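Next comes just one chain, in structure tokens: the form deposited in one PDB entry.
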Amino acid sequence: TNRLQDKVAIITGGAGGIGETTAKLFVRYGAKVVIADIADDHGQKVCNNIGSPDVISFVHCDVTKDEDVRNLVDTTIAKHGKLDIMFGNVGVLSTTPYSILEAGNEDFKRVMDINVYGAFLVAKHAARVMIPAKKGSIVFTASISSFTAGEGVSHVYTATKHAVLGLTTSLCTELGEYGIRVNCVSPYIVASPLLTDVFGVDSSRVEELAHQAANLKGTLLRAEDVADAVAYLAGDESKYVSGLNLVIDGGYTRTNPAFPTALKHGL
């Protein structure tokens, strides 16, 4: 059936990848979506092809900005008379190395802006429309680096998708005394459609590497798989779980075979 039918939802990043299969799921399950990206020529060739705009519309938004998050929210109330759900994806990763010493100073500012102090506004403009109605789940989207680490992932993405659990445990302790839920989803390597910028990346040869590395040989992750975790937390069937940081790693995050797959046994 169309499961969370009635809901009006806003994805703050539904052009790219997780965001449009999460969109297409929510419009399959009977919501009305407002995709909301800066990537203008993909975010409406996603909203032009998913459905017909009464249910799916686009809005240039730049979360690095307050007048922009103001208008997305104010025109959802005006497109559709309310805002039940605010899936707040948005996320950026470093364009400087890793290494503390030779990895810089200003792709910390900019990748804190898009990820932490830009995930906030989304929650302040949703908060100021959900609080008047005493209903709503604000889902976000972090990564398994909300929990932990990697010698890959930058000290900034480790740091900003950590605090997107900050104001999602704390945002929780007040938007909760209103019967408004605050959760975030928190994935692992997901979205292809055959990459590259430095080679390695030419994706599928990323997805193949997400199976020799996982802790759940049998399947592969996808976006339908995060969309899963997000309609759950969104509206229906989420109704008393404002806890969560629904870690979708297929278990991975809770091992380290550095010493088991060195320990081994016989040879």
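Counting begins at 1, following the sequence as shown. Between two forms, the rigid core is defined as the largest C-alpha subset superposing within 1.5 Å.
Note that the form deposited in another entry isn't included here; everything after this is about it.
Measuring CA movement between this form and the one not shown with the rigid core aligned, the set 65, 239, 217, 45 has one residue at 2 Å or more: 45. Superposition of the core reveals a Cα shift of less than 2 Å for residue 173 between this form and the one not shown. When two forms of a protein are overlaid on their rigid core, residues whose CA moves 2 Å or more are considered shifted, and residue 95 is not one of them between this form and the one not shown. For residue 133, the Cα coordinates differ by under 2 angstroms between this form and the one not shown after the core has been superposed. CA of residue 157 to CA of residue 43: farther apart by 3 Å or more in the other form than in the shown form. Three angstroms is the minimum change: in the other form, the CA atoms of residue 197 and residue 144 sit closer than in this structure, by 3 Å or more.
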